[PDB]
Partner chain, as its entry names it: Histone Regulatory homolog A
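Next comes just one chain, in structure tokens: the form deposited without its partner chain.
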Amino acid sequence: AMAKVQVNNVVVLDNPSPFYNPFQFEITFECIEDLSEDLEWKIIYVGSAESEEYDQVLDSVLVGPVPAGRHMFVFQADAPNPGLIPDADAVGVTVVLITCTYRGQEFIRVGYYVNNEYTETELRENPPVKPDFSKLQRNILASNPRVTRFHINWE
């Protein structure tokens, strides 16, 4: 009846930072009952709100072993490939997702809004025709974690 894993916290490290900086998350979870399989964690960058086609899976890791207990790991993943991001979605708000999957089933989804912005007043007001990602600051809106759990089969 009870979910064998619950995620307790996520801390967003090294934020704000350049767009090119790796995403770095401290993730804390409790296992109330020994797992026989690995936990699969993903960081997914939403390249474009309009379409899921533009998702970038920044990394996918298998975490284990998972005996009952309180666990933490730091999940780091390289920044997205700007060559796949639509110019119009580059500057402004998007989302990054952290996801966990057990035996092929996603049981949790943590979302953060991400504001990508120039910091130079010249650029902010007169932004480049094509985005300059070397000059964009990524600000993950860490004070507002959005958390969604899903009922899965833990057997």
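Positions refer to the first chain, counted from 1. Only the largest set of C-alpha atoms that superpose within 1.5 Å between the two forms is called the rigid core.
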| query | finding |
| --- | --- |
| 59 to 67 against 112 to 120 - segment lying farther from this form in 6 other deposited structures of this protein (CA RMS, rigid core fit) | 59 to 67 |
| Stretch exceeding the other in mean C-alpha B-factor - 119 to 127, 101 to 109 | 119 to 127 |
| Selected stretch [higher average CA B-factor]: 50 to 58 or 64 to 72 | 64 to 72 |
| Highest recorded Cα temperature factor - choice among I44, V93, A88, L35 | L35 |
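Keep in mind the form solved in complex with its partner chain is missing from the figure; the text below concerns it.
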{"query": "4.5 Å heavy atom contact, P65 to its partner chain in the deposited bound form", "finding": "yes"}
{"query": "Close approach of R70 to its partner chain in the deposited bound form, 4.5 Å, heavy atom", "finding": "yes"}
